[PDB]
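Since the structure comes first, as C-alpha cells, the remarks are kept for the end.
Neighbour counts are summed over all protein chains in view; Cβ atoms, including those assigned to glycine, are modelled from backbone coordinates with ideal geometry. Each value in this text was obtained by applying a stated rule to the coordinates, not by laboratory testing.
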Amino acid sequence: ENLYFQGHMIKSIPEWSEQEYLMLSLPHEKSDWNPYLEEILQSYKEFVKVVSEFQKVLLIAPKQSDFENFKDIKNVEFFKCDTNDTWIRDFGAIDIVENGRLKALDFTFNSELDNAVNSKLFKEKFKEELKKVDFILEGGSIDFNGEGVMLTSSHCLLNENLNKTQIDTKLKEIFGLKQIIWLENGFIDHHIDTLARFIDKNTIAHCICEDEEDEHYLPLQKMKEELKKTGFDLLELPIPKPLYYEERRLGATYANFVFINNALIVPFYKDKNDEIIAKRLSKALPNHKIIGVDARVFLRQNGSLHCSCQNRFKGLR
Ligand SMILES: [K+]
C-alpha cells in the first residue's frame with residue numbers, strides 16, 4: 001500500500017467511490033447536434049434529472065440560455081464557458097489521491113476550447129490547482145478497480161502516443177498502479193469504456209455478442225478469452241440487436257454506464273437486453289440502484305452515457 005515515488009504516494013480512484021459532482025458539457029446550436037438539438041437536449045434532461053436525485057450535477061455551456069432548460073431541477077449547478085465537444089469524458093480532468101489529498105490531472109488532448117475549459121473551471125469555480133501531465137490520454141480509454149489495477153485497450157494508448165513497456169511504466173507511475181491489463185481484442189477514438197469495466201474490485205463487466213452472424217461475435221469472443229485469463233469475476237453485457245440512423249450502424253454498448261452516489265446509470269436502447277443487463281448488474285451490485293436511461297440519441301455522435309460525463313470525487317482537496 002504505502003508506496004512513494006518521487007515525493008508522492010498515489011492511489012487511483014474507481015468510479016464507485018463517493019463523488020461531489022457529475023459534470024457534463026451541454027449540446028448547443030453550434031456543434032454537430034443541430035439537426036436533432038431538441039432530441040439530445042431531451043435525453044440530457046432525463047439523464048440530468050435521474051442523476052440529480054443522487055448527487056449534484058454541474059452543466060457547462062457557453063450561454064445562460066443553454067441552462068434555461070435545466071433551471072427547475074434541484075441539485076443542478078451551471079458554469080458559463082465556451083465549448084463545442086460535449087464528450088467531457090474525453091478531455092475532462094481526472095482525479096487521483098496524491099499524498100492523501102484529491103488532485104485533478106489535466107492530460108493533453110488532441111483541441112482548443114476543450115483544453116481551456118478545464119483551466120477556466122478549476123481557476124474560476126473550484127479555485128484549485130490543476131496539475132498538467134504531458135501525456136496523451138482520454139478518460140474513456142482507462143478503467144480502475146481501486147486496488148492498483150487498470151484496464152485499457154492496446155489499440156488506444158499505443159496509437160495515441162514510446163515503447164509499450166515505457167507507456168506501461170509511465171502509466172503505472174502516474175496512477176500508482178501495480179498492474180495494467182492490456183486488452184488486444186474486441187471492439188464496438190477506441191475506448192475501453194465501450195468494451196469492459198470494473199463494477200467492483202473483483203469484477204469486470206464486458207460486452208459479448210450471442211449472434212454468430214454478427215461481425216462483433218469473434219472479436220468479443222476473443223476479448224472474453226483474454227478476460228478469462230485475468231482471474232477477475234466476469235459479468236456479460238450482450239450487445240443489443242443492430243440499431244441504425246440514416247443507414248449507419250450505431251455503436252450501442254451497455255458498458256458505457258456511469259457510477260454515481262448510490263446508483264449505476266445504464267444506457268437503454270429499447271431492446272430486450274436492456275432488461276437482461278439491468279437485472280444482471282443490479283444483482284451483482286446489491287447496494288446500488290440500477291437505472292436505465294434511453295441513450296439512443298447519444299449514439300448519433302458515437303458516444304453514450306459514460307462518454308458524456310466526468311466524475312469529480314468527494315474528499316479533502
Ligand atoms: K485534458
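Just one of 257, 232, 298 is of a type outside the set (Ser, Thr, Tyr), crowded, with 20+ Cβ neighbours inside 10 Å and more than 30 Å from residue 101 (Cβ to Cβ); which is it? Lay out the reasoning, then the answer.
Details: 257 fails: more than 30 Å from residue 101 (Cβ to Cβ); 232 fails: more than 30 Å from residue 101 (Cβ to Cβ).
Just a single option satisfies the conditions, and that option is 298.
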- Note on the structure: If we keep only residues of region 44-73 that are of a type in the set (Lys, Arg) and outside any loop (DSSP other than H, G, I, E, B), then the residue nearest to residue 295 (Cα to Cα) is 45
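Of all strands (runs of 3 or more DSSP E) completely enclosed by region 74-128, which ones contain at least 3 residues that are more than 15 Å from the ligand (Cβ to nearest atom)?
Working: elements: 76-80, 94-98, 101-108.
Fully inside region 74-128 and qualifying: 76-80.
One line per residue, one yes/no per condition, for (1) within 19 Å of residue 57 (Cα to Cα); (2) out of contact with any helix residue (DSSP H, G or I) (no Cβ under 9 Å at 6 or more places or on another chain); (3) in a strand (DSSP E or B):
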residue: 275; (1), (2), (3): no, yes, no
residue: 279; (1), (2), (3): no, yes, no
residue: 282; (1), (2), (3): no, yes, no
residue: 290; (1), (2), (3): yes, no, yes
residue: 303; (1), (2), (3): no, no, no
residue: 307; (1), (2), (3): yes, no, no
residue: 315; (1), (2), (3): yes, yes, no
- Message: I need a count of the residues in region 247-305 that are in contact with a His (Cβ under 8 Å, 6 or more places away or on another chain) and over 18 Å from residue 206 (Cα atoms).
- Response: 2
- Task: Restricting attention to strands (runs of 3 or more DSSP E) lying wholly within region 154-269, give those where 1 or more residues are among the aromatic types (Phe, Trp, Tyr).
- Result: 179-183, 196-200, 258-260, 263-268
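I'm checking my understanding of the structure. Among residues of region 1-48 that are within 30 Å of residue 245 (Cα to Cα) and among the aromatic types (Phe, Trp, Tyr), which one is surrounded by the most Cβ atoms within 10 Å (Cβ to Cβ)? Spell out the reasoning first.
At the first step, the residues of region 1-48 found to be within 30 Å of residue 245 (Cα to Cα) are 22-48.
Now narrow it down to the ones that are among the aromatic types (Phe, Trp, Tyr): 33, 36, 44, 47.
Details: 33: 20, 36: 15, 44: 21, 47: 24.
For region 1-48, the residue satisfying everything is 47.
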- Message: Can you tell me which condition residue 183 does not meet? The list is (1) over 28 Å from residue 3 (Cα atoms); (2) under 18 Å from the mean Cα position of the chain (by Cα), and all the others hold.
- Response: (1)
- Query: Hey, does region 135-152 have a residue that's out of contact with any helix residue (DSSP H, G or I) (no Cβ under 8 Å at 6 or more places or on another chain), within 16 Å of the ligand (Cβ to nearest atom), under 28 Å from residue 206 (Cα atoms) and not basic (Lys, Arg)?
  - Reply: no
